Amino acid sequence: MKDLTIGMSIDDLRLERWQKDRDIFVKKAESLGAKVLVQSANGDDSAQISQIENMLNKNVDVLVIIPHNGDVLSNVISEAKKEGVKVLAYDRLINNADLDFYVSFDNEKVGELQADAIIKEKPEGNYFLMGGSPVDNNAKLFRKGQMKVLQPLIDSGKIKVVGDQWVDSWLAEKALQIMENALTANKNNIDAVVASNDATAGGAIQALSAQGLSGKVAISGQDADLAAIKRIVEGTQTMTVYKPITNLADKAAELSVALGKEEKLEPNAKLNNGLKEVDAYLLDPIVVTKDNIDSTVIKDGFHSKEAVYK
Ligand SMILES: O[C@@H]1[C@@H](O)[C@H](O)OC[C@H]1O
């Protein structure tokens, strides 16, 4: 049986979740006898490219990529394919690429859950939509799900959208700036903020808190960062979407190994990336509110009750 090396290329380690993605996946893939190389581009596209090429040069059998920019990797991926390398897209889809497979959560469903919980908290009023990174395919999918829910209420005029901004590279500080400016331009007449992840909600909430609005404006999130959990506890963030990282990382590990033995995979979705429909496996997300923090995140050991409350 051939030895297997997996090349893992990741965006950055700024969002709390990616550390756990990387560590959990390495541990698992190593349990299955693979050697994992891992490299972080720290948000630089050209750097990502170079790192993927470094790994191709080290003759990895499988590439596991978390793209910074899902539109800039087409070429380097086709060069991998010429060399017989299997390519698995991790969490964020890569567009116009010769991908073998894609593993992620139902990201459209995530969006919808976010909006569902916010129009529950604030059924009428002024709404600000805070998109994710404009070069992450997931940011568009979150929005797409958000809208499915939000649209019927826009069209009945029960809701009014008073801003719509995407936050470059998911940075919390760019989210703060955007929210700071939004509040100003609206004279603080915003009722709800559909923010697409925890790091950016948190950005926005510091802006809200500067105006005495934290706790009074409904805001969404995802990843269940420890900080976001405590905010939900304190009444500052309405909700977050929990995405069990262990289950995703474990499945990607299993899939990496299967692609290396050329096994027939079992997809449960197919996603058109512009070049082709990519076989995909999507996990189900979980809504976390103040009531079920104990049913979900502490129950799974994602965060300990000591971390959350003490
Ligand atoms: O950056 C996003 C991250 O916060 C979310 O958890 O997973 C999808 C990514 O696009």
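Atoms within each ligand, like the ligands themselves, are counted from 1 in listed order. Numbering of residues begins at 1 and proceeds along the displayed sequence.
For the salt bridge (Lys or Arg N to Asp or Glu O under 4.0 Å) criterion with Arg17, the lone passing option out of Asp198, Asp225, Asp91, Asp12 is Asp91. Each of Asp21, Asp136, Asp71 was evaluated against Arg92; a single residue qualifies, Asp136, per the salt bridge (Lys or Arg N to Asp or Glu O under 4.0 Å) test.
Every atom of ligand 1 with a heavy atom of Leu15 under 4.0 Å away is listed here by number and element: 1 (O), 3 (C), 4 (O). Interface atoms of ligand 1 facing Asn197, defined by a heavy-atom separation under 4.0 Å, are 4 (O). Interface atoms of ligand 1 facing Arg17, defined by a heavy-atom separation under 4.0 Å, are 5 (C), 6 (O), 7 (O). Heavy-atom contacts of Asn138 reach the following atoms of ligand 1: 8 (C), 9 (C), 10 (O) (cutoff under 4.0 Å).
Of the heavy atoms in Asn107, none comes closer than 4.0 Å to ligand 1.
Shown here is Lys148, whose NZ atom has more than 12 heavy atoms of other residues, nucleotides or ligands within 6.0 Å. No more than 12 heavy atoms of other residues, nucleotides or ligands sit less than 6.0 Å from atom CD of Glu173. No more than 12 heavy-atom neighbours from other residues, nucleotides or ligands sit within 6.0 angstrom of NZ on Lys174.
Note: no N/O pair closer than 3.5 Å links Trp18 and ligand 1 by distance alone.
In this structure, the protein non-hydrogen atom closest to atom 8 (C) of ligand 1 is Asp91 OD2, 2.9 Å. For atom 10 (O) of ligand 1, the closest non-hydrogen atom of the protein is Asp136 OD2, 2.3 Å. Looking only at protein heavy atoms, the nearest one to atom 1 (O) of ligand 1 is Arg92 NH2, 2.8 Å.
In this structure, a donor-acceptor pair under 3.5 Å is present between the side chains of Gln48 and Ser9.
A cation-pi contact, defined as under 6.0 Å to the ring centre and within 45° of the axis, links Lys20 to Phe302.
Between atom 6 (O) of ligand 1 and the options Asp21, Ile245, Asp223, the minimum heavy-atom separation is to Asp223.
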